[PDB]
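J.: Below is the structure I would like to discuss, written out as structure tokens.
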Amino acid sequence: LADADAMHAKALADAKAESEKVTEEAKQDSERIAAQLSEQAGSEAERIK
Amino acid sequence: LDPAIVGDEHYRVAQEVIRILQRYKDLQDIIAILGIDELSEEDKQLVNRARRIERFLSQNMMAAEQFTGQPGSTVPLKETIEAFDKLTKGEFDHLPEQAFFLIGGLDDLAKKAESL
Amino acid sequence: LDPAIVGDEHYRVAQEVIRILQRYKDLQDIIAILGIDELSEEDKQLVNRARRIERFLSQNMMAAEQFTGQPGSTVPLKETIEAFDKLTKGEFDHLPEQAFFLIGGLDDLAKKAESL
Amino acid sequence: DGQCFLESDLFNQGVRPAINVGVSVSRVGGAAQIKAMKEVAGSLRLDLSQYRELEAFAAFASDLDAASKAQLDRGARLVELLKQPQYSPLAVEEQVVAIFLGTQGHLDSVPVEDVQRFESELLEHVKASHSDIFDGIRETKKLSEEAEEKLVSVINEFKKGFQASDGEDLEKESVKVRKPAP
Amino acid sequence: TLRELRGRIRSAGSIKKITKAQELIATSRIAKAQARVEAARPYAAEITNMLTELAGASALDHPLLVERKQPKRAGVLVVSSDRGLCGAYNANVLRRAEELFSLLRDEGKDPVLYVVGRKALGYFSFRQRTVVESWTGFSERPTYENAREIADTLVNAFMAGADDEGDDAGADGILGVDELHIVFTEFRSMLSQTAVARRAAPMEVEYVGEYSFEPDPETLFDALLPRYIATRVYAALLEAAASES
Amino acid sequence: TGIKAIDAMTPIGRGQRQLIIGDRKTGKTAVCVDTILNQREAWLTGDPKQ
Amino acid sequence: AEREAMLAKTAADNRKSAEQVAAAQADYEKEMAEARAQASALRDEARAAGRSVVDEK
Ligand SMILES: Nc1ncnc2c1ncn2[C@@H]1O[C@H](COP(=O)(O)OP(=O)(O)OP(=O)(O)O)[C@@H](O)[C@H]1O
Ligand SMILES: [Mg+2]
């Protein structure tokens, strides 16, 4: 019964770590793909000029 | 026909319909001699779906006014795609086959099916 | 090829393998369509033997080095005669399907059997 | 020196490239392709050929043993892996990574319906993490044991993190009693 | 083209020949099955005569004789074969089982089922239906041991429903059945074979109108009934296999 | 080549001839288009050897 | 009267281990699935918004 409440802290900690890491990865790949598509738009603007 | 010009739902539904019809054509050779008894249910379901859809491709255009004496009908594309998605889902499999001959829309489909 | 100038051992080697292959060609489409479950015990054992023989006939060649990394191998005649007699009398029916493909020799067969 | 056969039946089946591996062949062989490709992939055309032959042969088999079922699963995974949609240019490193992960049986756990998407996912994660491994290929044209161990550890960690989204007329029987009815 | 036509001709010809050959296999096994099926008649006749004689002069009271006063649930057992290419045999079995389920659904009872054979097991696996236990691998050739153990399981399941009031298992400790049904196929003739479904869980007595017992009469009675149930169960199997072939 | 199937199946080396055969509505022009568009990355670098 | 509580607590302890470990594993699975789903979504909608703004410009 004493041991019962041990792993819950681990579960909460890993949930928080997962949430922050997935938010970081989503932000990074979002900004990267947006920048690449913006650069492609600039390239095609130069091409049409 | 290309996803860059046409909606994704249209492309996906068309691809699925083609795949089902091609599979039925492939199994048509074997079913021709033995039948459905040896065939497993996992293919009986797609056989029934294919028969129902290929019967649903029929239509009653106005052009037959002087042959069958019945008015034709027209259908918007959105209704067509939604009805075909519903049919591919398998919701209509309980309905009888002969209800899908020469029908205009899904409302007429339901009315004819309930009329028998 | 004749018993006149060559030992008849080779002769009944060839006769066994040839008759096995002929009846295997006879039963091919049956095992393809009807299913292996309907064959008789003798026919099932013979079909397994024919599969063993068909798989064992392939062999690597050194001229395939530029195409496949496995080096080729060479085997003498008397050992091949003994190995085929062992195969065709029906003692190597316990080996797996892949254990007979691309085999150098009998010792190579044993090594690959120990590899699985 | 070599040709590729294309059929409409495979096109309608679902294979977009729709190339028949049973007949297509090249006489020049693998001497043209890179050494890392040769080391990673070898006799794959053979394995696909016995897979197709076994599928045709045992389409109606009553019973399957462990080896046959395992071969069937592996061939299904490989045949679904190789499919590629239109307008999808790719680099050699991503191709060799995909072939390496497909051939070693690391993806045997996932069901068929999600084998494709998962691949497209992992290629993204390697882009931001441990990217230098790709760099190594560009200056090695070959794999190293340390890099291979790093890659297998990364994919194991990812697959541990990754989740799978799929998965009257009635008769009676009585007894006769000689005793008169009460 | 030419090569495709030749290949198809050879294929279809060999298919025809070996279909005839497998028909001969079935014809050959028909004689053995027919010879084997009729060998258990004297034992059943003697046991039925014994039960009639014993129940003539005994008290009529037993849990397998008395009925549950309330309609809670009803069990059922479905048999099948162990090989394909049987035609509509399994389809007939499934139709009869579904129609019996439909008839029972009129009372709103939630039924339970048991299955024998790979085909019915797979078909019910595909559908959304629960299964308690399955038996496979002896439909080709049964024995007395499997029939005895099946009868024992059914008898214990019936007994385990003594005091199942509402959802409470009572002193039983497990939810028990109150009714059992059996569905199989009968060998009417060489071309007449139809599915028969019957109910044999609670005994019923009919007086048609008009010895000495060393042990206790009730002891003999309740030792006797399980043997009769087991004999009926065993007799069903060979009939089912013969009709299948 | 951009498509993985061709390189994994039948590699193409410079100075080698390869044939493409097929029926209508197959998509054989797509492979050539893919190769031509793929060559841009190689031509990005200024070395005549690439 | 000191023995019925013995079997009661024994039965409770025998099952509480499994119940708690199942609850913890289910909660972990739910939280990781939610996090991965939200991150992947965010990525897809961000890519769509970038595609749209690139089309506009
Ligand atoms: N990988 C792919 N996935 C999906 N659709 C594809 C793919 N490759 C090609 N297609 C489509 O298949 C069709 C092939 O058109 P294409 O003009 O290449 O035909 P073809 O068979 O080469 O014939 P031809 O050049 O004689 O007209 C097009 O509609 C194209 O969009
Ligand atoms: Mg074209």
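Letters A, B, ... go to the chains of the structure tokens in the order shown; residues in each chain start at 1; ligands are counted from 1 in the same order.
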Write as a VMD selection string the residues around ligand 1, taking 12 Å as the cut-off and counting only C-alpha atoms and all ligand atoms.

T.: (chain B and resid 1 to 6 11 to 12 15) or (chain D and resid 6 to 8 11 to 12 14 to 19 82 to 89) or (chain F and resid 2 to 5 20 to 34)

J.: Report, to one decimal in Å, the C-alpha RMSD of chain B against chain C after an in-order least-squares superposition over all those atoms.

T.: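 That gives an RMSD of 0.9 Å.
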
J.: Give the helix (DSSP H, G or I) residues of stretch 11-109 of chain B, as DSSP finds them on the backbone, and put them as a ChimeraX atom specification.

T.: /B:11-31,41-56,62-66,77-89,97-100,106-109

J.: For C-alpha atoms, I'd like the residues from the last selection saved as a CSV table (one decimal), in the first residue's frame.

T.:
chain,number,residue,atom,x,y,z
B,11,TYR,CA,-9.7,11.3,-56.0
B,12,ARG,CA,-9.8,8.8,-53.1
B,13,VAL,CA,-13.4,7.7,-53.8
B,14,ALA,CA,-12.5,7.1,-57.5
B,15,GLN,CA,-9.4,5.1,-56.7
B,16,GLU,CA,-11.3,2.9,-54.2
B,17,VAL,CA,-14.1,2.3,-56.7
B,18,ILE,CA,-11.6,1.3,-59.4
B,19,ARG,CA,-9.8,-1.0,-57.0
B,20,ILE,CA,-13.0,-2.8,-56.0
B,21,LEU,CA,-14.2,-3.2,-59.7
B,22,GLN,CA,-10.7,-4.5,-60.7
B,23,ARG,CA,-10.8,-7.0,-57.9
B,24,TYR,CA,-14.2,-8.3,-58.9
B,25,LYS,CA,-13.1,-8.6,-62.5
B,26,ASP,CA,-10.0,-10.6,-61.3
B,27,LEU,CA,-12.2,-13.0,-59.3
B,28,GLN,CA,-14.8,-13.2,-62.1
B,29,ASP,CA,-12.8,-16.1,-63.7
B,30,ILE,CA,-12.8,-18.3,-60.7
B,31,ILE,CA,-16.4,-17.5,-59.6
B,41,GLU,CA,-16.9,-14.3,-46.7
B,42,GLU,CA,-14.0,-11.8,-46.7
B,43,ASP,CA,-14.5,-11.7,-50.5
B,44,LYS,CA,-18.3,-12.3,-50.4
B,45,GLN,CA,-18.7,-8.9,-48.8
B,46,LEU,CA,-16.7,-7.1,-51.5
B,47,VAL,CA,-18.6,-9.2,-54.1
B,48,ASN,CA,-21.9,-7.9,-52.8
B,49,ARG,CA,-20.6,-4.3,-52.6
B,50,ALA,CA,-19.3,-4.5,-56.2
B,51,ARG,CA,-22.6,-5.9,-57.5
B,52,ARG,CA,-24.5,-3.1,-55.7
B,53,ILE,CA,-22.3,-0.3,-57.0
B,54,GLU,CA,-22.1,-1.5,-60.6
B,55,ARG,CA,-25.9,-1.7,-60.5
B,56,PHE,CA,-26.0,1.8,-59.1
B,62,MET,CA,-34.4,12.0,-70.4
B,63,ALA,CA,-33.4,10.6,-73.8
B,64,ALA,CA,-35.6,7.5,-73.2
B,65,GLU,CA,-38.8,9.5,-73.2
B,66,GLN,CA,-40.0,7.8,-76.4
B,77,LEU,CA,-21.9,16.3,-58.2
B,78,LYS,CA,-21.8,16.8,-54.4
B,79,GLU,CA,-24.8,14.6,-53.9
B,80,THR,CA,-23.2,12.0,-56.2
B,81,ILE,CA,-19.9,11.9,-54.3
B,82,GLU,CA,-21.6,11.8,-50.9
B,83,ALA,CA,-23.9,9.0,-52.0
B,84,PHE,CA,-21.0,7.0,-53.4
B,85,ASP,CA,-19.0,7.4,-50.2
B,86,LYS,CA,-22.0,6.2,-48.2
B,87,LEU,CA,-22.4,3.2,-50.6
B,88,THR,CA,-18.7,2.3,-50.4
B,89,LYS,CA,-19.0,2.5,-46.6
B,97,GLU,CA,-30.4,-5.5,-55.4
B,98,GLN,CA,-33.3,-4.9,-57.8
B,99,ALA,CA,-34.0,-1.6,-56.1
B,100,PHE,CA,-31.0,0.0,-57.8
B,106,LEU,CA,-30.5,8.5,-53.1
B,107,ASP,CA,-33.9,9.8,-52.0
B,108,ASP,CA,-35.5,7.9,-54.9
B,109,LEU,CA,-33.3,4.9,-53.9

J.: Residues of chain D near chain G: apply a cut-off of 9 Å, count only C-alpha atoms, and supply the list as an mmCIF file with N, CA, C and O atoms, in the first residue's frame.

T.:
data_model
loop_
_atom_site.group_PDB
_atom_site.id
_atom_site.type_symbol
_atom_site.label_atom_id
_atom_site.label_comp_id
_atom_site.auth_asym_id
_atom_site.auth_seq_id
_atom_site.Cartn_x
_atom_site.Cartn_y
_atom_site.Cartn_z
ATOM 1 N N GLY D 161 8.768 5.134 -28.625
ATOM 2 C CA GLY D 161 7.932 6.317 -28.507
ATOM 3 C C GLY D 161 6.718 6.276 -29.417
ATOM 4 O O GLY D 161 5.628 6.708 -29.030
ATOM 5 N N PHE D 162 6.888 5.768 -30.636
ATOM 6 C CA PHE D 162 5.801 5.779 -31.603
ATOM 7 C C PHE D 162 4.689 4.824 -31.182
ATOM 8 O O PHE D 162 4.924 3.811 -30.518
ATOM 9 N N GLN D 163 3.468 5.161 -31.583
ATOM 10 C CA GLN D 163 2.287 4.378 -31.264
ATOM 11 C C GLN D 163 1.585 3.953 -32.546
ATOM 12 O O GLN D 163 1.638 4.652 -33.563
#

J.: Show me, as a ChimeraX atom specification, the residues that have an atom within 8 Å of stretch 6-19 of chain A when counting only C-alpha atoms, minus same-chain residues fewer than 6 positions from it.

T.: /G:24,28,31-32,35

J.: Save out the residues we just selected, N, CA and C atoms, as a PDB file, in the first residue's frame.

T.:
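Full text of selection08.pdb as output:
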ATOM      1  N   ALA G  24      -2.126   2.987 -14.382  1.00  0.00           N
ATOM      2  CA  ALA G  24      -0.955   3.792 -14.716  1.00  0.00           C
ATOM      3  C   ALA G  24      -0.574   3.636 -16.182  1.00  0.00           C
ATOM      4  N   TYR G  28      -0.650   6.580 -19.009  1.00  0.00           N
ATOM      5  CA  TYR G  28       0.532   6.886 -19.807  1.00  0.00           C
ATOM      6  C   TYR G  28       0.223   6.815 -21.294  1.00  0.00           C
ATOM      7  N   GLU G  31      -1.929   9.833 -22.351  1.00  0.00           N
ATOM      8  CA  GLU G  31      -1.214  11.105 -22.390  1.00  0.00           C
ATOM      9  C   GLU G  31      -0.233  11.156 -23.558  1.00  0.00           C
ATOM     10  N   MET G  32       0.483  10.057 -23.823  1.00  0.00           N
ATOM     11  CA  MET G  32       1.430  10.077 -24.933  1.00  0.00           C
ATOM     12  C   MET G  32       0.704  10.155 -26.270  1.00  0.00           C
ATOM     13  N   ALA G  35      -0.418  13.770 -26.694  1.00  0.00           N
ATOM     14  CA  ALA G  35       0.698  14.654 -27.019  1.00  0.00           C
ATOM     15  C   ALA G  35       1.140  14.474 -28.467  1.00  0.00           C
TER      16      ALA G  35
END

J.: Any idea what's packed within 10 Å of residue D:79, counting only C-alpha atoms, ignoring anything in its chain fewer than 2 positions away? Could you give it as a count of residues only?

T.: 12

J.: Using only C-alpha atoms, which chain D residues lie at most 10 Å away from chain A, written as a PDB file with C-alpha atoms, in the first residue's frame?

T.:
ATOM      1  CA  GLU D 124      11.281  13.570 -40.739  1.00  0.00           C
ATOM      2  CA  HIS D 125      12.659  12.903 -37.253  1.00  0.00           C
ATOM      3  CA  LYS D 127      16.128  15.253 -40.375  1.00  0.00           C
ATOM      4  CA  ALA D 128      16.411  17.220 -37.115  1.00  0.00           C
ATOM      5  CA  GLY D 161       7.932   6.317 -28.507  1.00  0.00           C
TER       6      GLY D 161
END

J.: Contacts of residue G:46 at 9 Å or less, counting only C-alpha atoms, minus same-chain residues fewer than 2 places along, as a list in words?

T.: residues 26, 27, 30, 31, 33 and 34 of chain A; 41, 42, 43, 44, 48, 49, 50 and 51 of chain G

J.: Store the residues picked out above in a file with N, CA and C atoms, as an mmCIF file, in the first residue's frame.

T.:
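The result, stored in part01.cif:
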data_model
loop_
_atom_site.group_PDB
_atom_site.id
_atom_site.type_symbol
_atom_site.label_atom_id
_atom_site.label_comp_id
_atom_site.auth_asym_id
_atom_site.auth_seq_id
_atom_site.Cartn_x
_atom_site.Cartn_y
_atom_site.Cartn_z
ATOM 1 N N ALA A 26 7.243 20.246 -32.984
ATOM 2 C CA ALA A 26 6.229 20.817 -33.860
ATOM 3 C C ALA A 26 6.579 22.248 -34.240
ATOM 4 N N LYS A 27 7.011 23.053 -33.269
ATOM 5 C CA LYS A 27 7.420 24.417 -33.577
ATOM 6 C C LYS A 27 8.566 24.429 -34.581
ATOM 7 N N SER A 30 7.524 23.162 -38.099
ATOM 8 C CA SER A 30 6.618 24.148 -38.676
ATOM 9 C C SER A 30 7.380 25.349 -39.219
ATOM 10 N N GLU A 31 8.256 25.935 -38.399
ATOM 11 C CA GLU A 31 8.992 27.106 -38.865
ATOM 12 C C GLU A 31 9.915 26.745 -40.021
ATOM 13 N N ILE A 33 9.509 24.329 -42.374
ATOM 14 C CA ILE A 33 8.767 24.135 -43.616
ATOM 15 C C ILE A 33 8.212 25.463 -44.118
ATOM 16 N N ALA A 34 7.774 26.333 -43.203
ATOM 17 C CA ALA A 34 7.306 27.650 -43.618
ATOM 18 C C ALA A 34 8.426 28.448 -44.270
ATOM 19 N N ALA G 41 -0.848 17.145 -35.411
ATOM 20 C CA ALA G 41 -1.864 18.070 -35.895
ATOM 21 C C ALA G 41 -1.268 19.452 -36.110
ATOM 22 N N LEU G 42 -0.773 20.070 -35.032
ATOM 23 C CA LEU G 42 -0.090 21.358 -35.118
ATOM 24 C C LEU G 42 0.810 21.441 -36.343
ATOM 25 N N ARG G 43 1.589 20.387 -36.594
ATOM 26 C CA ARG G 43 2.450 20.380 -37.773
ATOM 27 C C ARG G 43 1.634 20.445 -39.064
ATOM 28 N N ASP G 44 0.574 19.635 -39.173
ATOM 29 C CA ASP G 44 -0.195 19.611 -40.420
ATOM 30 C C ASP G 44 -0.901 20.941 -40.666
ATOM 31 N N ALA G 48 -0.367 23.641 -43.640
ATOM 32 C CA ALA G 48 -1.473 24.130 -44.460
ATOM 33 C C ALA G 48 -1.533 25.655 -44.462
ATOM 34 N N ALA G 49 -1.356 26.274 -43.294
ATOM 35 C CA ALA G 49 -1.376 27.732 -43.215
ATOM 36 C C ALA G 49 -0.218 28.339 -43.993
ATOM 37 N N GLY G 50 0.968 27.738 -43.888
ATOM 38 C CA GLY G 50 2.090 28.197 -44.688
ATOM 39 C C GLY G 50 1.831 28.048 -46.173
ATOM 40 N N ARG G 51 1.222 26.930 -46.570
ATOM 41 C CA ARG G 51 0.889 26.713 -47.972
ATOM 42 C C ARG G 51 -0.057 27.801 -48.462
#

J.: Excluding same-chain residues fewer than 5 positions from stretch 30-33 of chain E, what lies within 12 Å of it counting only C-alpha atoms, as a list in words?

T.: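 After dropping sequence-adjacent residues, the list is residues 23, 24, 25, 38, 39, 140, 141, 142, 187, 190, 237, 238, 239, 240, 241, 242, 243, 244 and 245 of chain E.
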
J.: Within 6 Å of chain C, which residues belong to chain D? Use only C-alpha atoms and report them as a list in words.

T.: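 Per the criterion, chain D yields residues 29, 57, 60 and 61 of chain D.
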
J.: If you measure from atom CA of residue D:100 to atom CA of residue D:41, what distance in Å do you get, rounded to one decimal?

T.: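 For atom CA of residue D:100 relative to atom CA of residue D:41, the distance reads 7.6 Å.
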